[PDB]
>>> print(open('start.csv').read())   # CSV, C-alpha atoms and all ligand atoms
chain,number,residue,atom,x,y,z
A,1,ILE,CA,99.5,42.0,136.2
A,2,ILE,CA,98.1,42.4,139.8
A,3,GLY,CA,97.4,39.2,141.9
A,4,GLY,CA,98.8,36.7,139.3
A,5,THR,CA,101.5,34.1,139.0
A,6,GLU,CA,104.8,33.8,137.0
A,7,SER,CA,104.1,32.2,133.6
A,8,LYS,CA,105.9,28.9,132.7
A,9,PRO,CA,108.9,30.3,130.6
A,10,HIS,CA,108.2,30.4,126.8
A,11,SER,CA,104.7,28.8,127.4
A,12,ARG,CA,103.0,31.7,125.4
A,13,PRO,CA,105.3,32.0,122.3
A,14,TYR,CA,103.1,34.6,120.5
A,15,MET,CA,103.7,37.2,123.3
A,16,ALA,CA,105.4,40.5,122.2
A,17,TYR,CA,107.3,43.1,124.3
A,18,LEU,CA,107.1,46.6,122.8
A,19,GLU,CA,109.4,49.6,123.5
A,20,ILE,CA,108.0,52.8,122.2
A,21,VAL,CA,109.9,56.1,121.5
A,22,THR,CA,108.5,59.6,121.5
A,23,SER,CA,110.5,62.8,120.8
A,24,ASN,CA,110.0,64.6,124.1
A,25,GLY,CA,110.3,61.9,126.9
A,26,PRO,CA,111.9,58.5,127.8
A,27,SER,CA,110.7,55.1,126.4
A,28,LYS,CA,107.3,53.6,127.3
A,29,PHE,CA,106.3,49.9,127.1
A,30,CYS,CA,103.3,47.8,126.1
A,31,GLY,CA,102.4,44.2,125.3
A,32,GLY,CA,101.2,42.7,122.0
A,33,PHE,CA,100.8,39.3,120.1
A,34,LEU,CA,102.1,37.9,116.8
A,35,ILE,CA,99.2,36.9,114.5
A,36,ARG,CA,101.3,36.5,111.4
A,37,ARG,CA,105.1,36.0,111.0
A,38,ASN,CA,105.3,39.8,110.1
A,39,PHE,CA,102.3,41.3,112.0
A,40,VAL,CA,101.8,42.1,115.7
A,41,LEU,CA,98.4,43.2,117.1
A,42,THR,CA,98.2,45.7,120.0
A,43,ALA,CA,96.5,48.9,121.2
A,44,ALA,CA,96.4,52.1,119.2
A,45,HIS,CA,97.3,54.2,122.3
A,46,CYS,CA,100.7,52.4,122.1
A,47,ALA,CA,101.6,54.3,118.9
A,48,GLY,CA,104.7,56.5,118.7
A,49,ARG,CA,107.6,57.8,116.6
A,50,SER,CA,109.2,54.4,116.4
A,51,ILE,CA,108.8,50.9,118.1
A,52,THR,CA,111.0,47.8,118.6
A,53,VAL,CA,109.5,44.4,119.2
A,54,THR,CA,111.1,41.6,121.3
A,55,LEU,CA,109.8,38.0,120.7
A,56,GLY,CA,110.8,34.9,122.6
A,57,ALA,CA,111.3,36.6,126.1
A,58,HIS,CA,110.6,35.5,129.6
A,59,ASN,CA,112.9,37.6,131.8
A,60,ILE,CA,113.2,40.9,129.9
A,61,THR,CA,116.4,41.9,131.7
A,62,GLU,CA,118.4,38.7,130.7
A,63,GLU,CA,119.4,38.4,127.0
A,64,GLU,CA,119.2,34.9,125.6
A,65,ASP,CA,119.3,32.9,122.3
A,66,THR,CA,115.5,32.7,122.2
A,67,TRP,CA,115.3,36.5,121.8
A,68,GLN,CA,114.4,38.0,118.4
A,69,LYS,CA,114.6,41.8,118.4
A,70,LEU,CA,112.7,42.9,115.3
A,71,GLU,CA,112.2,46.2,113.4
A,72,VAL,CA,108.8,47.7,112.7
A,73,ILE,CA,108.5,49.3,109.2
A,74,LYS,CA,104.9,50.7,109.5
A,75,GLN,CA,102.2,51.3,112.1
A,76,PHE,CA,98.5,50.8,111.1
A,77,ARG,CA,96.2,52.6,113.6
A,78,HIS,CA,92.4,52.1,113.3
A,79,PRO,CA,91.3,55.1,111.2
A,80,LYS,CA,88.4,56.0,113.6
A,81,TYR,CA,90.6,55.8,116.8
A,82,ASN,CA,89.5,58.6,119.2
A,83,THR,CA,92.0,59.9,121.6
A,84,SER,CA,89.3,61.3,123.9
A,85,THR,CA,86.8,58.5,124.2
A,86,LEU,CA,89.4,55.7,123.4
A,87,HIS,CA,86.9,54.0,121.0
A,88,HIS,CA,88.5,51.7,118.4
A,89,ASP,CA,91.8,51.3,120.4
A,90,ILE,CA,93.5,48.7,118.1
A,91,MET,CA,96.6,48.8,115.9
A,92,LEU,CA,98.6,46.5,113.6
A,93,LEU,CA,102.4,46.6,113.3
A,94,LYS,CA,104.1,45.4,110.2
A,95,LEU,CA,107.6,43.9,110.8
A,96,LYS,CA,110.4,44.6,108.3
A,97,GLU,CA,111.1,40.8,108.1
A,98,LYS,CA,109.2,37.6,109.0
A,99,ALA,CA,110.1,36.2,112.4
A,100,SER,CA,111.8,32.8,112.7
A,101,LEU,CA,109.7,29.9,114.0
A,102,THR,CA,111.2,28.2,117.1
A,103,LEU,CA,109.9,26.5,120.2
A,104,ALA,CA,109.9,30.0,121.9
A,105,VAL,CA,108.3,32.0,119.0
A,106,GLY,CA,105.1,31.3,117.0
A,107,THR,CA,101.9,32.8,115.7
A,108,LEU,CA,98.4,32.8,117.2
A,109,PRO,CA,95.9,32.9,114.3
A,110,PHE,CA,92.1,33.4,114.7
A,111,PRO,CA,89.6,30.6,114.0
A,112,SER,CA,87.0,31.1,111.3
A,113,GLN,CA,84.2,31.6,113.8
A,114,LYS,CA,83.7,35.3,114.8
A,115,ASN,CA,81.0,34.8,117.5
A,116,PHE,CA,80.1,37.3,120.3
A,117,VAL,CA,81.3,36.2,123.7
A,118,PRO,CA,78.7,36.8,126.5
A,119,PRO,CA,79.4,37.6,130.3
A,120,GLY,CA,80.0,34.8,132.8
A,121,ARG,CA,83.1,32.7,131.8
A,122,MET,CA,86.7,32.9,133.0
A,123,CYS,CA,89.6,33.9,130.7
A,124,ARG,CA,93.3,34.6,131.1
A,125,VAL,CA,95.6,37.6,130.3
A,126,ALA,CA,99.4,38.0,130.4
A,127,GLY,CA,102.0,40.8,130.5
A,128,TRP,CA,105.1,42.5,132.0
A,129,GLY,CA,103.1,45.4,133.6
A,130,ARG,CA,103.2,46.7,137.1
A,131,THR,CA,102.2,44.3,139.9
A,132,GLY,CA,100.8,47.1,142.1
A,133,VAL,CA,100.0,50.8,142.2
A,134,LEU,CA,103.4,51.7,143.7
A,135,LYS,CA,105.3,48.8,142.1
A,136,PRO,CA,107.4,48.6,139.0
A,137,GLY,CA,106.9,46.6,135.8
A,138,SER,CA,107.6,42.9,136.4
A,139,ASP,CA,110.9,41.5,135.1
A,140,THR,CA,109.2,38.1,134.3
A,141,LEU,CA,106.1,37.4,132.3
A,142,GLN,CA,103.1,37.1,134.6
A,143,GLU,CA,99.5,35.9,134.1
A,144,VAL,CA,96.1,35.9,135.9
A,145,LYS,CA,92.6,34.3,135.4
A,146,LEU,CA,89.7,36.8,135.4
A,147,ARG,CA,85.9,36.8,135.0
A,148,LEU,CA,84.0,38.4,132.1
A,149,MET,CA,81.4,40.7,133.8
A,150,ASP,CA,78.0,42.0,132.8
A,151,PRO,CA,78.4,45.5,131.1
A,152,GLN,CA,76.7,47.3,134.0
A,153,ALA,CA,79.8,46.7,136.0
A,154,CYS,CA,81.8,49.1,133.8
A,155,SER,CA,79.1,51.8,133.7
A,156,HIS,CA,81.3,54.3,135.6
A,157,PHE,CA,83.6,54.5,132.6
A,158,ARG,CA,81.2,56.9,130.9
A,159,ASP,CA,82.5,56.1,127.3
A,160,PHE,CA,82.4,52.3,127.7
A,161,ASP,CA,80.2,50.4,125.2
A,162,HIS,CA,79.1,46.7,125.4
A,163,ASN,CA,79.2,46.1,121.6
A,164,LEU,CA,82.7,47.5,121.3
A,165,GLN,CA,84.4,46.4,124.5
A,166,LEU,CA,84.6,43.6,127.2
A,167,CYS,CA,84.3,44.3,130.9
A,168,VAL,CA,86.9,42.2,132.7
A,169,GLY,CA,87.6,41.5,136.4
A,170,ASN,CA,85.4,40.9,139.5
A,171,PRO,CA,85.4,44.2,141.5
A,172,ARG,CA,85.4,42.1,144.8
A,173,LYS,CA,89.0,41.0,144.1
A,174,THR,CA,92.4,42.6,143.5
A,175,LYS,CA,93.2,40.6,140.4
A,176,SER,CA,93.5,42.7,137.2
A,177,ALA,CA,95.5,43.8,134.2
A,178,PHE,CA,97.3,47.1,134.9
A,179,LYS,CA,99.7,49.7,133.6
A,180,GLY,CA,102.3,48.1,131.2
A,181,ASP,CA,99.9,45.3,130.2
A,182,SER,CA,98.3,47.5,127.4
A,183,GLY,CA,98.0,45.7,124.1
A,184,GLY,CA,98.2,42.2,125.5
A,185,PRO,CA,95.6,39.4,124.6
A,186,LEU,CA,92.8,38.1,126.7
A,187,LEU,CA,92.4,34.4,125.9
A,188,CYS,CA,89.1,32.5,126.5
A,189,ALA,CA,89.6,28.7,126.1
A,190,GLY,CA,92.8,29.3,124.0
A,191,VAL,CA,91.2,31.8,121.7
A,192,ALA,CA,92.1,35.6,121.8
A,193,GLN,CA,88.9,37.6,122.4
A,194,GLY,CA,90.1,40.9,123.9
A,195,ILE,CA,93.0,43.5,124.0
A,196,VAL,CA,93.9,45.4,127.2
A,197,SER,CA,92.9,49.0,126.8
A,198,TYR,CA,92.4,51.1,130.0
A,199,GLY,CA,91.2,51.3,133.6
A,200,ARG,CA,91.5,53.3,136.9
A,201,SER,CA,94.8,54.8,138.1
A,202,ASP,CA,94.1,53.2,141.6
A,203,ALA,CA,93.8,49.7,140.0
A,204,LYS,CA,90.3,48.9,141.3
A,205,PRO,CA,88.8,46.4,138.7
A,206,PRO,CA,87.1,45.9,136.4
A,207,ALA,CA,89.2,47.1,133.4
A,208,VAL,CA,88.2,47.7,129.7
A,209,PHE,CA,89.4,45.6,126.8
A,210,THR,CA,88.8,46.0,123.0
A,211,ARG,CA,86.3,43.4,121.7
A,212,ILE,CA,88.1,41.6,118.9
A,213,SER,CA,85.0,40.1,117.2
A,214,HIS,CA,83.8,43.6,116.2
A,215,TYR,CA,87.1,44.4,114.3
A,216,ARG,CA,87.6,41.1,112.4
A,217,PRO,CA,86.7,42.7,109.0
A,218,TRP,CA,89.2,45.5,109.5
A,219,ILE,CA,92.0,43.1,110.5
A,220,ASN,CA,91.4,40.9,107.4
A,221,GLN,CA,91.4,44.0,105.2
A,222,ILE,CA,94.8,45.2,106.4
A,223,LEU,CA,96.4,41.7,106.2
A,224,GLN,CA,95.2,41.1,102.7
A,225,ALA,CA,96.5,44.3,101.3
A,226,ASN,CA,99.9,44.0,102.9
A,301,LIG,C1,103.3,55.7,123.6
A,301,LIG,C2,102.3,56.1,124.5
A,301,LIG,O1,102.1,55.1,125.5
A,301,LIG,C3,101.4,55.5,126.6
A,301,LIG,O2,101.1,56.6,126.8
A,301,LIG,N1,101.3,54.5,127.5
A,301,LIG,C4,101.7,53.1,127.3
A,301,LIG,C5,100.6,54.7,128.8
A,301,LIG,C6,99.2,54.1,128.9
A,301,LIG,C7,98.9,53.0,129.7
A,301,LIG,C8,99.7,52.1,130.4
A,301,LIG,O3,100.6,52.6,131.2
A,301,LIG,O4,99.7,50.9,130.2
A,301,LIG,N2,97.5,52.7,129.5
A,301,LIG,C9,96.7,51.7,130.2
A,301,LIG,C10,96.2,52.0,131.5
A,301,LIG,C11,96.3,53.3,132.0
A,301,LIG,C12,95.8,53.6,133.3
A,301,LIG,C13,95.2,52.7,134.1
A,301,LIG,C14,95.0,51.3,133.6
A,301,LIG,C15,94.3,50.4,134.4
A,301,LIG,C16,94.2,49.1,133.9
A,301,LIG,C17,94.6,48.7,132.6
A,301,LIG,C18,95.3,49.7,131.9
A,301,LIG,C19,95.5,51.0,132.3
A,301,LIG,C20,97.0,53.7,128.7
A,301,LIG,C21,95.7,54.0,128.3
A,301,LIG,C22,95.4,55.0,127.5
A,301,LIG,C23,96.4,55.9,127.1
A,301,LIG,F1,96.2,56.9,126.3
A,301,LIG,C24,97.7,55.7,127.5
A,301,LIG,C25,98.0,54.6,128.3
A,302,ZN,ZN,114.7,31.1,127.9
>>> encode(input="start.csv", output="structure tokens")
Amino acid sequence: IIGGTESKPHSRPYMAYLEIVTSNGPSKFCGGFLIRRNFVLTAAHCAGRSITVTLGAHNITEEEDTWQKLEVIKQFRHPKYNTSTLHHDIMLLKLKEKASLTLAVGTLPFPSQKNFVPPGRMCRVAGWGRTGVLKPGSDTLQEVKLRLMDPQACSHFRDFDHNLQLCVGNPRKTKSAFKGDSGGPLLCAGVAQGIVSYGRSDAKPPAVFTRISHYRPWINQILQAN
């Protein structure tokens, strides 16, 4: 998160920290959020050989009683996910066991309404990602408020599409989601409407988020069968 503030500890108890293994390099990290006691929603580009999820964290370098370090048994990547265009960048992780409910850990379910969210309003995003181009991932959970932009503002991303994706962050400001914030939720008035997907290496906003409304049938289909 660039240009944001430190979150009040444990104020977003659905937030998930992901550590992803691949066979030929060191660990990488993403965000995510718990929508059922045994399911986390994140981005498909965060997939790997194996993944561990930490719930209940604020400072990720200091172990505490609120932590729940949970095993993932299966990864469900969207079947049409495209590694070139990055269309359909969404994934569900099934946890081996259900998480415990505490003050620091709980689910964020969707409302029944599935309406399209137009440009103009302010929303909020959170994560442990880098706080600058030459800076490291934050030790504490950070957050920032950003504007939903007209789709023309993301035209330069040649594979962007308005009906699949949100365009997030005023280009006149530095505020933005960045590397390490992948898979985290964008909340508009307390409802999750987007998922951090990608942007520019130099951090100039806006960035591109998956539009959740469009994938609601697929999400329901996975959860019902599992
Ligand atoms: C297990 C594999 O995991 C990885 O390979 N990971 C986690 C690296 C990775 C990241 C990241 O570091 O978070 N982002 C987001 C991203 C990248 C670049 C610029 C951005 C500006 C704004 C927001 C987000 C931006 C990706 C997008 C597509 C992609 F294929 C890979 C990545
Ligand atoms: Zn604590």
>>> residues_near_ligand(input="start.csv", ligand="ligand ZN 302 (chain A)", cutoff="9 Å", atoms="all atoms listed in the file", output="list in words")
residues 9, 10, 56, 57, 58, 59, 62, 63, 64, 65, 66, 67 and 104 of chain A
>>> atom_distance(input="start.csv", atom1="CA of residue 22 (chain A)", atom2="CA of residue 46 (chain A)")
10.6 Å
>>> residues_near_ligand(input="start.csv", ligand="ligand LIG 301 (chain A)", cutoff="9 Å", atoms="only C-alpha atoms and all ligand atoms", output="count of residues only")
44
>>> atom_distance(input="start.csv", atom1="CA of residue 14 (chain A)", atom2="CA of residue 169 (chain A)")
23.3 Å
>>> residues_around(input="start.csv", residues="residue 191 (chain A)", least_positions_apart="3", cutoff="10 Å", atoms="only C-alpha atoms", output="ChimeraX atom specification")
/A:108-111,123,185-188,194
>>> atom_distance(input="start.csv", atom1="CA of residue 175 (chain A)", atom2="CA of residue 81 (chain A)")
28.2 Å
>>> closest_residue(input="start.csv", among="A:16, A:90, A:134, A:189", to="residue 218 (chain A)", atoms="only C-alpha atoms")
A:90
>>> closest_residue(input="start.csv", among="A:214, A:221, A:6, A:36", to="residue 115 (chain A)", atoms="all atoms listed in the file")
A:214
>>> closest_residue(input="start.csv", among="A:68, A:88, A:93, A:82", to="residue 50 (chain A)", atoms="all atoms listed in the file")
A:93
>>> closest_residue(input="start.csv", among="A:140, A:224, A:210, A:193", to="residue 5 (chain A)", atoms="all atoms listed in the file")
A:140
>>> closest_residue(input="start.csv", among="A:219, A:154, A:195, A:125", to="residue 1 (chain A)", atoms="only C-alpha atoms")
A:125
>>> residues_around(input="start.csv", residues="residue 128 (chain A)", least_positions_apart="3", cutoff="6 Å", atoms="all atoms listed in the file", output="NGL selection string")
:A and (137-138 or 141)
>>> closest_residue(input="start.csv", among="A:107, A:222, A:15, A:161", to="residue 79 (chain A)", atoms="all atoms listed in the file")
A:222
>>> decode(input="start.csv", residues="region 18-30 of chain A", atoms="N, CA, C and O atoms", output="PDB file, in the first residue's frame")
ATOM      1  N   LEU A  18      -0.925 -14.781   2.670  1.00  0.00           N
ATOM      2  CA  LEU A  18      -0.593 -15.987   1.907  1.00  0.00           C
ATOM      3  C   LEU A  18       0.915 -16.057   1.626  1.00  0.00           C
ATOM      4  O   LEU A  18       1.504 -15.101   1.116  1.00  0.00           O
ATOM      5  N   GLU A  19       1.512 -17.231   1.886  1.00  0.00           N
ATOM      6  CA  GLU A  19       2.900 -17.525   1.560  1.00  0.00           C
ATOM      7  C   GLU A  19       2.913 -18.684   0.567  1.00  0.00           C
ATOM      8  O   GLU A  19       2.478 -19.789   0.904  1.00  0.00           O
ATOM      9  N   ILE A  20       3.424 -18.420  -0.646  1.00  0.00           N
ATOM     10  CA  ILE A  20       3.269 -19.321  -1.779  1.00  0.00           C
ATOM     11  C   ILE A  20       4.629 -19.873  -2.204  1.00  0.00           C
ATOM     12  O   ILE A  20       5.542 -19.099  -2.499  1.00  0.00           O
ATOM     13  N   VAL A  21       4.704 -21.206  -2.322  1.00  0.00           N
ATOM     14  CA  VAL A  21       5.927 -21.910  -2.684  1.00  0.00           C
ATOM     15  C   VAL A  21       5.898 -22.284  -4.164  1.00  0.00           C
ATOM     16  O   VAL A  21       4.876 -22.741  -4.674  1.00  0.00           O
ATOM     17  N   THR A  22       7.051 -22.129  -4.825  1.00  0.00           N
ATOM     18  CA  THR A  22       7.304 -22.728  -6.130  1.00  0.00           C
ATOM     19  C   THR A  22       8.630 -23.485  -6.066  1.00  0.00           C
ATOM     20  O   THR A  22       9.461 -23.219  -5.196  1.00  0.00           O
ATOM     21  N   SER A  23       8.833 -24.418  -7.004  1.00  0.00           N
ATOM     22  CA  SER A  23       9.899 -25.405  -6.896  1.00  0.00           C
ATOM     23  C   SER A  23      11.285 -24.810  -7.162  1.00  0.00           C
ATOM     24  O   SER A  23      12.273 -25.362  -6.667  1.00  0.00           O
ATOM     25  N   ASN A  24      11.350 -23.684  -7.901  1.00  0.00           N
ATOM     26  CA  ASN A  24      12.606 -23.167  -8.435  1.00  0.00           C
ATOM     27  C   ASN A  24      12.986 -21.773  -7.911  1.00  0.00           C
ATOM     28  O   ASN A  24      13.897 -21.155  -8.460  1.00  0.00           O
ATOM     29  N   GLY A  25      12.311 -21.257  -6.874  1.00  0.00           N
ATOM     30  CA  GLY A  25      12.672 -19.967  -6.301  1.00  0.00           C
ATOM     31  C   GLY A  25      12.182 -19.823  -4.863  1.00  0.00           C
ATOM     32  O   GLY A  25      11.464 -20.685  -4.369  1.00  0.00           O
ATOM     33  N   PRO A  26      12.562 -18.749  -4.133  1.00  0.00           N
ATOM     34  CA  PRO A  26      12.045 -18.518  -2.780  1.00  0.00           C
ATOM     35  C   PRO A  26      10.553 -18.182  -2.746  1.00  0.00           C
ATOM     36  O   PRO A  26       9.944 -17.970  -3.791  1.00  0.00           O
ATOM     37  N   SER A  27       9.994 -18.121  -1.526  1.00  0.00           N
ATOM     38  CA  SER A  27       8.587 -17.815  -1.294  1.00  0.00           C
ATOM     39  C   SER A  27       8.192 -16.480  -1.923  1.00  0.00           C
ATOM     40  O   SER A  27       9.021 -15.582  -2.056  1.00  0.00           O
ATOM     41  N   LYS A  28       6.908 -16.362  -2.290  1.00  0.00           N
ATOM     42  CA  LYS A  28       6.298 -15.080  -2.622  1.00  0.00           C
ATOM     43  C   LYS A  28       5.055 -14.884  -1.748  1.00  0.00           C
ATOM     44  O   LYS A  28       4.622 -15.831  -1.083  1.00  0.00           O
ATOM     45  N   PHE A  29       4.477 -13.667  -1.743  1.00  0.00           N
ATOM     46  CA  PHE A  29       3.361 -13.382  -0.851  1.00  0.00           C
ATOM     47  C   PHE A  29       2.247 -12.600  -1.554  1.00  0.00           C
ATOM     48  O   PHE A  29       2.480 -11.801  -2.462  1.00  0.00           O
ATOM     49  N   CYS A  30       1.017 -12.865  -1.100  1.00  0.00           N
ATOM     50  CA  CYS A  30      -0.186 -12.190  -1.558  1.00  0.00           C
ATOM     51  C   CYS A  30      -1.115 -11.954  -0.369  1.00  0.00           C
ATOM     52  O   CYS A  30      -0.897 -12.483   0.721  1.00  0.00           O
TER      53      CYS A  30
END
